[PDB]
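Asks: Here is my input; please provide its structure:
(chains A and B)
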Amino acid sequence: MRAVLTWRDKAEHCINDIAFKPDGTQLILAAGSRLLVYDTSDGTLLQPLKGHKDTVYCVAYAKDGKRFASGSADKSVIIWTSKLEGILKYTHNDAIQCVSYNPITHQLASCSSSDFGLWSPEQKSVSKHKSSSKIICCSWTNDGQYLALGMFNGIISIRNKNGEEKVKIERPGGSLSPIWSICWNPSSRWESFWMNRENXXXXXXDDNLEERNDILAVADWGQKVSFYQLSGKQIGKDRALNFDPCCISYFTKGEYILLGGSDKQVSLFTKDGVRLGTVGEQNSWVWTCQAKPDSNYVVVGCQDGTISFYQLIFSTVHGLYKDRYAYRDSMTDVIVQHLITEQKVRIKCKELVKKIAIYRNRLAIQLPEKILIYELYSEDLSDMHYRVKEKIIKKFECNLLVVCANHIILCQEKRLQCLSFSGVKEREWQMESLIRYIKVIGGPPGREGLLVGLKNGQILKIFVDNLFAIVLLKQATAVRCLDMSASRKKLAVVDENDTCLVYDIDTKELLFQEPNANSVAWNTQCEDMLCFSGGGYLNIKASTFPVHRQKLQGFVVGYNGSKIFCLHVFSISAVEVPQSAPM
Amino acid sequence: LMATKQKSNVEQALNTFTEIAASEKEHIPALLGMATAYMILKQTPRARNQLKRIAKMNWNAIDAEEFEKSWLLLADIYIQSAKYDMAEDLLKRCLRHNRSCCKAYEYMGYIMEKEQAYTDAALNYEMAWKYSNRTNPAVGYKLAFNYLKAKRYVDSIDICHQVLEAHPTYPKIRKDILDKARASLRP
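Replies: Numbers count the residues shown, from 1 in each chain, chains lettered A, B, ... in the order given. Sure, structure below:
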């Protein structure tokens, strides 16, 4: 997990709520006593919109992208066109808290201290409907049919689109645990509704709920988060915290959660409420964390007036062996794919998955606080029945991880450790420079060769049953990537200047080189043939002859028979070789 | 013998201190003895002059702690008299010889709160909170309460968490500071 600050700004005042245009082109911020309009690309502030008298406690923006609602301490609500003019003013009973447009009908809600004011577009009246309590936060059901309200009294209650109240839940403790934000999960058929478009006055004055599929994220100042159905039933258990949370929030996908608060950061979670990481940490309280439409960007607002725009990068985690691509799905599962039979198996963890490695009959997975060893139960090469062999409850720091027949191999930042299954260390090796790359190159069970590449450009072979590391070669630049041919006679190396170099190992001599490479593999059966990717091309080379070039983006992970296992930005693609051409 | 507060022990202590002071009229540890024994004996007017006597002298590194103690005890007696200006002078003179003194700041923060300077009181209470290693929950309360009155409700709630962290079940703070700061937070 990685997050990058794309741009930053600081307002004159505190920032209370955030709205995005549905195409993601503009960001609107309820800062102090004005609305601020921002470009999401680079944070240029286009205009301070002037209409309100007092504190703009929130803003929200309708799914058609024509109109947005903003609410004030001066009791007003204003409906702004996307032409940035405030065509229909309104004036509520007291100060506004949260406002929220309906996903389907564009019907608005506007919450206040006792009273919540529903209306549907350009009708002549508003349902100023009454509440037991201060109405802190509001969210429409994903199909648009219920508005759910959270109360300072520690109750969540569910109201239909007409304003009748249908369901209640109390957090045990009541007003001890104020509900400061709630959110319905976006994950249903309606998310593509309004995803197909290419197009100042005053306004005066439900059964079988267990079969309704929606799920509600609740963040309460008892310092707990929990998920709930429209039936009022709690899902699982309260995911405890050590802070006052705010603005529990989701990406467009409905699968990852953002969680801001008095932890002064934006924490990231699964839809099961398991922690996955940390978006940028902050000088002051976080009030707001809004994911950008259609994309992995995030925007944050804090008590000190800082706005921060982050890109989340979600790196790739995988390993291949000969023909078994194992890779990270969600951020908690490994999908292991038999590339000949096209079978898949899912193994579910209960944490983040940080590292994966695979070898004949052995799979290994590293989580934040344990490492898992998995075993195929049969010697059948078509088997997929992985069982957990052993589970090492120990925390590790690593740069790289690999697995062998009886051992886990850990690369710490200049040091290689061999650990038994069951965690007892066997042997260790100390390099003359920082390790940049490692691969297992096969062997008999328990004497396996490892192939190692260093930042100084030295290349080593290390046998897991031996205390001394064997120099194969040294190079003028760092090893970026590294592979051995089917017989173990030949080496391919990527030199960290984006070139591939190819060597004889038995004589320690360069055969040939190529001026554009990023990843490389030998054909696993047909020696004297290899493949690499670089600069937007796939490149197949046979036996010192010219190289076949065709357009591709993605990277070569392996090469078997007539197929090259290229990896696209999320999934394996299995390109086929023109055998007729090298022939 | 003073610290027992048993009257015969405190009178014996006063007598040894006055005997030493009669042999050595500038002996600060004995003069602080006289003042402290007289305070325990409720002879506060006799303590007052025997501290003024010390307060006129130049400081030195050997008597430094008894100087710093004597100025603080005299500053307390000046707060009983309500002539806070001489207490503030003694507290600041104490800090000029030793900037670490938590009791010099804690008395000064109380004067700033009496003067309705809730911000400067919060500055003194922040030093006293910090240099208590957050083990003074009474300053914890005062710091949160002064942030509440300064219209700094988030900062008040920060400290109400830090007090409950420092001491679970600590009385008063949850209802009065924490829930009134929460109740203001969106008005």
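Asks: Name whatever forms a beta bridge with the residue lying closest to residue A:435 once chain neighbours are set aside.
Replies: Leaving out its chain neighbours, the residue that sits closest to residue A:435 by C-beta to C-beta, 6 or more residues apart in numbering or on different chains is residue A:411, at 5.0 Å. All C-beta spots, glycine's among them, are computed from the backbone N, C-alpha and C. Counting by DSSP bridges, residue A:411 is bridged to residue A:400, residue A:416.
Asks: Spit out the contact partners of residue A:411.
Replies: Applying C-beta atoms under 8 Å, 6 or more residues apart in numbering or on different chains, we find residue A:411 in contact with A:398-401, A:417, A:435, A:438.
Asks: Might one say that residue A:22 is in contact with residue A:65?
Replies: Yes - using C-beta atoms under 8 Å, residue A:22 is in contact with residue A:65, at 4.7 Å.
Asks: So residue A:113 versus chain B, what's the distance?
Replies: Remark: distance between residue A:113 and chain B (C-beta to the nearest C-beta, to the nearest Å) = 9 Å.
Asks: and if you look at residue A:257?
Replies: For residue A:257 relative to chain B (C-beta to the nearest C-beta), the value is 23 Å.
Asks: Nearest to chain B within the stretch 151-300 of chain A, name that residue for me.
Replies: Taking C-beta to the nearest C-beta, chain B has its nearest neighbour within the stretch 151-300 of chain A at residue A:285, 5.5 Å off.
Asks: Helix, strand, or coil at the residue nearest the centre of chain A?
Replies: Among the residues of chain A, the one closest to the centroid is residue A:314, at 5.0 Å (C-alpha atoms, centre = their mean). Three-state call for residue A:314 (DSSP: H, G, I helix; E, B strand; the rest coil): coil.
Asks: Next, count neighbours for the closest residue to it other than its chain neighbours.
Replies: Setting aside the residues directly before and after it, residue A:314 is nearest to residue A:296 in space (C-beta to C-beta, 6+ apart), at 6.4 Å. Neighbours of residue A:296 under the rule other C-beta atoms under 10 Å in any protein chain shown: 16.
Asks: Could you pull up phi and psi at residue A:296?
Replies: Phi and psi for residue A:296, reported as degrees, to the nearest 10, are phi -90, psi 10.
Asks: Is it correct that it is in contact with residue A:251?
Replies: Yes - Residue A:296 lies in contact with residue A:251 (C-beta under 8 Å); the separation is 7.3 Å.
Asks: Are there residues contacting both of those two? Which ones?
Replies: Taking C-beta under 8 Å, 6+ apart as the contact rule, residue A:296 and residue A:251 touch no residue in common.
Asks: ok, which residues in chain B are in contact with chain A?
Replies: Residues of chain B lying close to chain A by C-beta under 8 Å from any C-beta of the partner chain are B:154, B:157-158, B:161, B:179, B:182-183, B:186-187.
Asks: With adjacent residues omitted, what lies nearest to residue A:572?
Replies: Leaving aside its sequence neighbours, residue A:572 sits nearest to residue A:325 (C-beta to C-beta, 6+ apart; 5.1 Å).
Asks: in what helix or strand does that neighbour lie?
Replies: Assigned by DSSP states H and E, residue A:325 falls within strand A:324-329.
Asks: Report the distance from that strand to the chain centre.
Replies: From the chain centre to the centre of strand A:324-329 is a distance of 16 Å (C-alpha atoms, centre = their mean, to the nearest Å).
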